Amino acid sequence: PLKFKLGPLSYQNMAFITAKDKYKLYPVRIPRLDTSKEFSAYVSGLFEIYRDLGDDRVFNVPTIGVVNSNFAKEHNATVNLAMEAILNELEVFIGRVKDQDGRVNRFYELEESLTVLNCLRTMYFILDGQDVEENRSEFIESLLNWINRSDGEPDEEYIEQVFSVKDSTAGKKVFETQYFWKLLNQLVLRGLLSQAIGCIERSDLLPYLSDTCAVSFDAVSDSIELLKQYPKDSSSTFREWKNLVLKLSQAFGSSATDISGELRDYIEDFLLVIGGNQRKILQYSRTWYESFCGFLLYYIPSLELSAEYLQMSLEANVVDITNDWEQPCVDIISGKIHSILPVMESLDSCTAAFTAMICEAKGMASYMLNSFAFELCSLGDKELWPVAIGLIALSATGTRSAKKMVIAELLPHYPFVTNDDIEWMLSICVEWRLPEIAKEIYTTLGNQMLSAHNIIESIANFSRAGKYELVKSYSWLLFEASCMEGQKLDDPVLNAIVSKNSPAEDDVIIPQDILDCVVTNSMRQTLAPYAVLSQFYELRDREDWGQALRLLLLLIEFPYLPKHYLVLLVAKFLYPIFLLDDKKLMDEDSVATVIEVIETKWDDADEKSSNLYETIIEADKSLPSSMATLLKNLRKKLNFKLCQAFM
Amino acid sequence: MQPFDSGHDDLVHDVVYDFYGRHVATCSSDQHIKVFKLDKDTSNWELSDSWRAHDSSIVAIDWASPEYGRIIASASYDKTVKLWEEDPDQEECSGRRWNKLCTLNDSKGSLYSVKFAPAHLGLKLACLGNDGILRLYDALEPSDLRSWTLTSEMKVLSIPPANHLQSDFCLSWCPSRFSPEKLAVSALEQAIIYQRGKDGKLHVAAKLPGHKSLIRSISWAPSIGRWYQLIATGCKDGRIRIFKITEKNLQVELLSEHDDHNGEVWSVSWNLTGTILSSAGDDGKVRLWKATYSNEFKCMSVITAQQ
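In its metadata, the entry names cryo-EM as the structure determination method and reports 8.1 Å as the resolution.

Per the PDB entry, chain B goes by Nucleoporin Seh1 and derives from Saccharomyces cerevisiae.

Taking the PDB entry as the reference, chain A is identified by name as Nucleoporin NUP85 belonging to Saccharomyces cerevisiae.

Undergrad: An account of the sheet that holds strand β1 (residues 3–5) of chain A is requested, with residue identities and associated values reported.
TA: Strand pairing in a sheet is mediated by backbone hydrogen bonds. Such pairs are either parallel or antiparallel. An order of β1(A)-β2(A)-β3(A)-β1(B) is seen for the four strands of this open sheet, with the pairing classed as antiparallel. Both outer strands of the open sheet, β1 of chain A together with β1 (4–5) of chain B, are each paired with one neighbouring strand and no more. As defined by bridge partners, strand β2 (residues 13–16) of chain A adjoins strand β3 (residues 24–28) of chain A across three bridges and the pair is classed as antiparallel. Bridging across to β3 of chain A, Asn13 of chain A finds its partner in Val28 of chain A.

Undergrad: Provide a residue-level description of the nonpolar core, including the pertinent values.
TA: Grouped together as the largest cluster of nonpolar side chains are 64 residues, with contacts concentrated most on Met14, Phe93, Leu411, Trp424 and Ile428 of chain A together with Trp45 of chain B. Of the residues forming this core, the biggest block, nine residues, is contributed by helix α2 (residues 70–97) of chain A. Discounting chain neighbours no more than four positions away, the residues touching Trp424 of chain A are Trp385, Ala388, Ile389 and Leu411 of chain A. Among the nonpolar cores identified, the runner-up in size contains 44 residues, and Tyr537, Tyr565, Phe578 and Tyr613 of chain A belong to it.

Undergrad: Which residues make up the side chain of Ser313 of chain A, and what values do they have?
TA: Secondary-structure assignment places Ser313 of chain A in helix α15 (residues 306–316). For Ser313 of chain A, a relative accessible area of 2% corresponds to the buried category.

Undergrad: If you had to explain the environment of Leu188 of chain B to someone new, which residues and values would you point to?
TA: Residue and element names in this part refer to chain B. Within the secondary structure, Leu188 sits in the loop between β15 (182–187) and β16 (190–196). Residue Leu188 is classed as partly exposed on the basis of its relative accessible area, which comes to 23%. Sequence separation of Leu188 and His32 is 156 residues, and the distance between their C-alpha atoms is 28 Å. In this structure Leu188 touches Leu157, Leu165, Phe169, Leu214 and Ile215, once residues within four positions along its chain are discounted.

About the thresholds
Residues numbered from 1 in each chain as written, not as in the entry; some residues may be left out. Chains lettered and ligands numbered in written order. Part of a larger assembly, values for the part shown. Heavy atoms only, no water. Pairing = 2+ DSSP bridges. Helix = DSSP H or I, 4+ residues; strand = E, 2+ residues; numbered from the N terminus. Core = buried A, V, L, I, M, F, W, Y, C linked by side-chain atoms within 4.5 Å. Buried < 20%, exposed > 50% of the residue type's maximum accessible area, 1.4 Å probe, protein only. Contact = heavy atoms within 4.5 Å.

Take a look at the structure:
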């Protein structure tokens, strides 16, 4: 029975019931979308970085020819630094999130995202896509740092729990039983070398013996010495390494130590069996990274054939899922539903689209930036509008040769109701070379201002487009209204026309206290007939009868002012003020010219003039009934004016 | 968020966002349209105004774009579309801010639908009634909302709608003017795509096949991601059918067809970014569908509510 309506909004959909007594409406969101300031600020950090990345990080071939050695360095460098920077903006988002409540669940979903990034990092943005065994320093340190943040196993909590177990074998301490060496060997396998040295120290291992007779120390010293030395460069590097890593156990097994039959037996056996046989390394791997590192570093033991070996190791016994490509997918599926759906089908596997993507490439992140951003625009989150155009301008997307018809559709569809929204529309119109849509925008804006009760913003809006016909129609609207009073209607109009382009008048413009535009606005050209009406009013107040009459006639004669504003200007202004006029002397020329205009333009009927006549009467009647009542009476006052010039 | 009562005393026939989606209007058998403006603060729809916009049951209401100002067309069983413009400086909470632009007595049967044309195709509105006459109205000017001429009529249904042929009947347009002007119209089992010729008389340009049951909703997707079209139909047999119509006159192809509601899909409604279809159907659950990179729509999420 339920019906659902999906608007443009992306966070505020509506479900409803078509049934009586079911008049309750339930707001429905789309999960995994946030309109938060934390989210747009995250996006803002990613946007600068994403743009600057160029065509790099999509795996291009690094040329080292004459075209162009320098490109190789540029490509490897940019992508690597961009990774570091992406992780820090990512920390900042995540940090905000695990400090708020009900985002206890979200906090956990973001620790997983870090894990996939850590595995990716270790291989290509640490090593630099070089050799497997390039950097050692940066590999260990980054991994350890990450496991600390991506995963929650404190060097403290983890190893307390492990030391608290020591019972159930012997009553003797943790280091005299299996519990400690199982961990110690694990820490070494996960490349958590720093923690591992510390674990020996904490356990109280060092007082407990103080004897030994180990020979393997001296050996390893002198070997590495001669080794690293090179008496002229010796091939003995790999050969010696291989021998050393293996031979350790057997020497320990003979060396005298005064310790119990627990400790000794365990350590000997353990150490041997583990780092001796391919299977036993994997047997004690409780994670993919342990197995993955373990073979390269600790088995046969420098970068040679460690390839084939690691492959085979894995292929034989499967190891625990971590967070890799397919691994969180395999984790997730058994789990809750909402995940598993969008999760699957995003790996380049049994598809043609992602095959097509990397073959041409050798910009998914860019697409995501241009995808998410647009989705938010269609909700009204103005913050991502700068982001959108910005990625387009540099590290451009779209073609200005066929995606012009699609992009065109987006400009009007998206809710524009700030400034940033408005600036984005114009910005895109210049860039793709379609000025005509920007002119349509300005028309569309005037049409909003007309029904929102802004008879100022509307005029300005239309003015921008430069079409004389529309500006004139609003001036006339307004010119007509201000004819029922002997001043210009309200005061900001008034002010602005009379202050001219000089600082004249102290009268502040608009409801603002600003003097700023009281030194600008000289109503001229299009606004010139409108300007002259307001000025005719100033002239009565500054007691001119002569120049006053003159301005009023000038407008009456103008053939581009309406004809229906005849009976209106003369009825309100010329008809009462009959005396003042009568005093003055009028010649044959002025009389005859005024007369032609009355003969042609005066109306005894018509739309505008019938309506305007009804209101004149209501204000203060000049004529009782009939417009051209006036003509007869007027001519009398006119005979007198004519007679008085002539005597 | 949270449950809210609209305050309509009869049942809600429609929920329609603005084009900018800043308003929701609901219409009911209680003779009112209630228009709510979105308070983001509570993420609830707070009552702006309520007025009787006809002297009968209001069953189709639709917003026009706030690009010419806010216009309301509303369809009633009293035979008239009544056109209304929102004034902010007119009173709210009284029904004094909707001034009647017109009454169109150009509808000879009782209306069941009136639906606006998208911004991009011009300001036009289509009608359908219970005399089975598709009405094409063109405003004479986009700034004169007080007259609309009947420019075309096409006799859709073979038998007119009567007290048992009564079903949801829907009018949807083509958001692209970079595609020839059209409007898809679903009436019973047939969905017939009408197109404006160069003669100013509408012709049948295409028929949508593969409608095994009644179409309870038809919704034309804005062409975004691509410049081709997609039309989704919700049908009574739990089928979401998304057919793709390519422009080369029109070619018909299927994109995908899948059925998952399994009772009847009552509504299909596309987002305005034309990439997420949400459909609801019998069983009370709303399925939210997003395209894969195998280029087909799949159910990413299931929301269950009340019946």
